[PDB]
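Peer 1: Quick one: experimental structure and sequence below.
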Amino acid sequence: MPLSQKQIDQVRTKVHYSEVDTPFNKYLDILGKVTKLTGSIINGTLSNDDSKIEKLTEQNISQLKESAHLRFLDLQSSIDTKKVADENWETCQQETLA
Amino acid sequence: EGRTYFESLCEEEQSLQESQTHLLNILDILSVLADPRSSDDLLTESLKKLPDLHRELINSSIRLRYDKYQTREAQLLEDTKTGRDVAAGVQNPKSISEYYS
Amino acid sequence: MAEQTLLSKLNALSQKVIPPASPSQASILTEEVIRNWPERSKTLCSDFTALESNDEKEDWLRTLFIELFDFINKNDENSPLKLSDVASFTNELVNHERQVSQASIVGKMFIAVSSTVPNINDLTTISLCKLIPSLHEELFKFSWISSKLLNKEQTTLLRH
């Protein structure tokens, strides 16, 4: 059951580029949930099945509207948090070089 | 061309706002499909706008993913530069080599 | 609930649009008159090298990669098998990109479109990326169809 030199540096790269990011992966759950939902209403399938998100509600579809607006602010604040954390490390790197 | 981590991160928030507007424009159309006292003409008019927004949402959620990958390769490119390469800019070696001595 | 269920269904098929033949034609008009799969592959790769605008070259890259994944969705339109000859066209794009520049714009747009278009089948996606030999470096850095592309032994080096 041997390995190769190519087969080792292909797992030495997958580890080096592996990220877990909870605010970003939760936003794409909402973008994915609507494209499969507006995909079926174009075709014509609308039944009382639980394979999709939901069928037709006033409250729970607006609950998806709240979820689309809550996770947007969580993602927007996290990109702002990575922005200021990169700016501060560049300042202390410059004042130590000063 | 060579981009920085700061510029590639701020460009991600620009493509994030374009995906939000098409998302909110679709979600209110699904709401007026679910009104109880809904009128006959609004359920015909709103459905004509639907396929033009659907293929526009995919073209915005693809560029969002494509700029999540371009910031990841710019993040790792700046970490390999750190260390003894940043301090190779000083032009006063004789002042520090007597201060540490 | 069953009345508001069915009343939206009568307006669904009838009066919104036509079945999609005319609004969705990007660069592939038909497959009988312009079938031309060797002849199209020469003129399309020369189109890519004459592109310097980086935004509208990816507006061209995404508009072909949506319909290519929509072409292999339906079956038996002209042929029962179509996933074999498309891998030779995308492979020469990556080797042509690697000559002039050092990026993965064909690779990253292959990953981004394959995980987005929500009507393709799961089993047909992995079967075509197995055959493409030059996108293995960008498939490992990125999305989840590198899970089924790996060995049974090589995951014990990944899990450690």
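Peer 2: Everything's here; your move. Numbering: from 1, shown residues only, chains lettered A, B, ... in the order given.

Peer 1: near chain A, which residues of chain C?
Peer 2: Residues of chain C lying close to chain A (C-beta under 8 Å from any C-beta of the partner chain) are C:4-5, C:8-9, C:12-13, C:116, C:118-119, C:136-137, C:140-142, C:146, C:150-151, C:153-154, C:157-158. In this view, the C-beta of every residue, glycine as well, is placed from N, C-alpha and C.

Peer 1: give me the number of residues near residue A:15?
Peer 2: A total of 11 residues lie near residue A:15 under the criterion other C-beta atoms under 10 Å in any protein chain shown.

Peer 1: thought it was touching residue C:157?
Peer 2: No - using C-beta atoms under 8 Å, residue A:15 is not in contact with residue C:157; the gap is 9.4 Å.

Peer 1: circling back to that earlier point, of the residues of chain C next to chain A, select the buried ones using a ChimeraX command.
Peer 2: Remark: buried members of the residues of chain C next to chain A, expressed as a ChimeraX selection using 16 or more other C-beta atoms under 10 Å in any protein chain shown:
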select /C:8,12,116,118,140,141,142,146,150,154,157
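
Peer 1: Can you sort out which of the residues of chain C next to chain A also neighbour chain B?
Peer 2: C:4, C:8, C:12, C:116, C:142.

Peer 1: and of those residues, the nearest to residue C:61?
Peer 2: residue C:116 (13.1 Å; C-beta to C-beta).

Peer 1: How about the residues of chain B by chain C?
Peer 2: B:33, B:36, B:43-44, B:47-48, B:50-51, B:55, B:58-59, B:61-63, B:65-66, B:69-70.

Peer 1: swap the cut-off to 10 Å and go again
Peer 2: Listed as neighbours of chain C in chain B under the rule C-beta under 10 Å from any C-beta of the partner chain: B:1, B:33-36, B:38, B:40, B:43-44, B:46-52, B:55, B:57-59, B:61-70, B:72-73.

Peer 1: Select from those every entry located in helices.
Peer 2: Mapping the residues of chain B next to chain C onto helices (DSSP state H) picks out B:43-44, B:46-48, B:50-52, B:55, B:57-59, B:61-70, B:72-73.

Peer 1: Could you tell me which of those residues count as buried?
Peer 2: Here, 16+ other C-beta under 10 Å leaves B:46-47, B:50-51, B:57-59, B:61-70, B:72-73 buried among those.

Peer 1: Contacting chain A as well, which ones from those residues?
Peer 2: Within these, those near chain A by C-beta under 10 Å from any C-beta are B:47, B:50-51, B:57-58, B:61, B:64-65, B:68-69, B:72-73.

Peer 1: For those, name the two members farthest from one another.
Peer 2: The span of those, defined through C-beta to C-beta, is set by B:47 and B:73 at 41.7 Å.

Peer 1: what about residue A:81, which SS state?
Peer 2: helix (DSSP: H, G, I helix; E, B strand; the rest coil).

Peer 1: Stretch B:14-33: how far from the chain's middle?
Peer 2: Stretch B:14-33 has its C-alpha centroid displaced from the chain centroid by 16 Å (C-alpha atoms, centre = their mean, to the nearest Å).

Peer 1: Mind checking if it is in reach of chain A?
Peer 2: Yes - judged by C-beta under 10 Å from any C-beta, stretch B:14-33 comes into contact with chain A at B:16-17, B:19-20, B:22-24, B:26-31, B:33.

Peer 1: Just to be sure, which of the residues you listed are found in helices?
Peer 2: Per DSSP H, the subset of the residues of stretch B:14-33 next to chain A in helices is B:16-17, B:19-20, B:22-24, B:26-31.

Peer 1: could you flag which of these are buried?
Peer 2: For these, buried by 16+ other C-beta under 10 Å: B:16, B:19-20, B:22-23, B:26-27, B:29-30.

Peer 1: Is stretch B:74-84 positioned near chain A?
Peer 2: Yes - applying C-beta under 10 Å from any C-beta, one finds stretch B:74-84 in contact with chain A at B:75-76, B:78, B:82.

Peer 1: Export these as CSV, with columns for distance to residue C:51.
Peer 2: Formatted as CSV, these follow (distance: C-beta to C-beta, whole Å):
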residue, distance to residue C:51
B:75, 27
B:76, 28
B:78, 29
B:82, 35
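
Peer 1: nearest to chain A, of those?
Peer 2: The closest of the residues of stretch B:74-84 next to chain A to chain A turns out to be residue B:76 (C-beta to the nearest C-beta; 7.4 Å).

Peer 1: and that closest one, how many neighbours?
Peer 2: 11.

Peer 1: mind checking which helix or strand residue C:20 is in?
Peer 2: Using DSSP states H and E, residue C:20 falls within no helix or strand.
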